[PDB]
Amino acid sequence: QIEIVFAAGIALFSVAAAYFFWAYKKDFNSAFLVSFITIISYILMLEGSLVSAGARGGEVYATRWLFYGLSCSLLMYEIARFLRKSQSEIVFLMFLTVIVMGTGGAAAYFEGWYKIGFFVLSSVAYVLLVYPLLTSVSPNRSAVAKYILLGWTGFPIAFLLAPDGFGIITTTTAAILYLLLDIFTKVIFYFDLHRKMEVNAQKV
């Protein structure tokens, strides 16, 4: 069952990486790297060796969150640059991004008060991560808010519902939802904003 979801993820991001490589300039291509890393992550989840038991008889694939530490750092780089954050602020927000994903994987893997403790830690770093973005004085703020509020913030809600958290929804339901969020935050994100982000980076 869930194998079909993972294979869908492998196929979609293989096509996405191929399109992003050929369609964009042969230089630093973050859209290609984000998609290529996501393929690696979906193959490892499909292989099935790093599953763990989750809430209410579900399963957890905690390497998903560890891989987001890399792929979402690339996305935060693009987002913060698009909002013309300073260099030292871009670095800071990339660090918070790694911290959010790393503690989130820990929250998914561990149990009891440790799940709760890690989830809280991750949530604090996350609030500190998105406050400077959502209150940015950049005119690009609105174009960026929709991915932060709908996509990025969709993940902790999904997590709480999934076997990663309380286990209200099944492992396959969570995985489909994670894949939709992945497509929105990693593929649509670039279809939508690639042109504006590219023009912006050339002016700074």
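Residue positions are given as counts along the sequence shown, with the first one as 1.
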Higher mean Cα B-factor in the deposited model: 64 to 72 or 22 to 30? 22 to 30
Looking only at CA atoms, which has the higher mean B factor in the entry: 33 to 41 or 50 to 58? 50 to 58
Split into thirds by Cα B-factor across the chain's modelled residues, where does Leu161 land: lowest, middle or highest? middle
What third of its chain, lowest, middle or highest, does the C-alpha temperature factor of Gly117 fall into? middle
Split the chain's modelled residues into thirds by Cα B-factor; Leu128 lands in the middle
Where does the C-alpha B-factor of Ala174 rank in its chain, lowest, middle or highest third? middle
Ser142 - which third its CA temperature factor falls in, relative to the rest of the chain: highest
